[PDB]
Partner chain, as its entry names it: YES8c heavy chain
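Taking the form solved without the partner chain, here's one chain by itself in structure tokens.
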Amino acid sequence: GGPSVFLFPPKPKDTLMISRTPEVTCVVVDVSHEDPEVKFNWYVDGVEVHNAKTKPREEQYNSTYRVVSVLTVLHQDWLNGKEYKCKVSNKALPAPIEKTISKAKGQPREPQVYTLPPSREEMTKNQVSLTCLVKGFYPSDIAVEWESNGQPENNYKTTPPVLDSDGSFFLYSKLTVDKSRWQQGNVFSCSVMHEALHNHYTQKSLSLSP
């Protein structure tokens, strides 16, 4: 029938750290050998731009060609809602294919970050759960990590964002540590990246209070 276009956003962390390079990815699949030519046009807010890096086509094991084009986006443009259009032209199509993407839309809402110590009843266990509540944020793109003086604490798991009853999102992150480390008074820190925080970052700390 005709080829199909997919347009993918940057990775969320790449949009929240100015040191990183967010990029948007236009993928064309189902390109026939009969008309194998593929032209990309990129627009930012309706204005054609020219810095996209297209990859040379690559044949698939199902006898179709796959062509990829990558446009780097500016940290501030993406956060300011600019919209990115990929236009794919190929002989086999009646009219060119237009896909548009941007950051999740909606008024931004800054998260409230709260650490919760292990439950009393959980103090019987050889491991305990440190809880980071992140609530009230909009949009849902977010990243959460845990640290203890310098090094990342990676035995943690974070729930997906959940739509709350006021239209904002919340989640929880659970860090599991040896009960000894928690009682040795060590400081544990939940750090949160989200667009609506100052510099898109905050951290909150948790320690035994005796």
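Numbering follows the first chain given and starts at 1.
Chemist: Mind pulling up the entry and telling me whether 152 to 160 or 52 to 60 has the higher mean Cα temperature factor?
Modeler: Looking at the recorded C-alpha B-factors, 52 to 60 comes out higher on average.
Chemist: What stretch has the higher average Cα B-factor here, 128 to 136 or 88 to 96?
Modeler: Result of the comparison: 88 to 96.
Chemist: Of the options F169, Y65, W42, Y172, which has the highest CA B factor as deposited?
Modeler: So the option with the highest C-alpha B-factor is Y65.
Chemist: Looking at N186, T15, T25, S191, which has the biggest Cα B factor in the entry?
Modeler: That would be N186, according to the entry.
Chemist: By the recorded C-alpha temperature factor, relative to the other modelled residues in its chain, which third is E145 in?
Modeler: Ranked within chain, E145 CA B lands in the middle tercile.
Chemist: How does the C-alpha B factor of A104 compare with the rest of the chain: lowest, middle or highest third?
Modeler: Lowest third, going by the recorded CA B-factors of the chain.
Chemist: Based on the entry's values, in what third of the chain does the Cα temperature factor of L71 lie: lowest, middle or highest?
Modeler: As the PDB entry reports it, the C-alpha B-factor of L71 lands in the middle third of its chain.
The same protein also has a form solved in complex with the partner chain, omitted here; what follows describes it.
Chemist: Counting only non-hydrogen atoms and a 4.5 Å threshold, tell me whether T15, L197 and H200 all contact the partner chain in the bound PDB entry.
Modeler: Each of the three qualifies.
Chemist: May I ask you to state whether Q76 is within 4.5 Å of the partner chain in the bound PDB entry, using heavy atom distances?
Modeler: Looking in the bound PDB entry, residue contacts with the partner chain include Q76, since a heavy atom lies within 4.5 Å.
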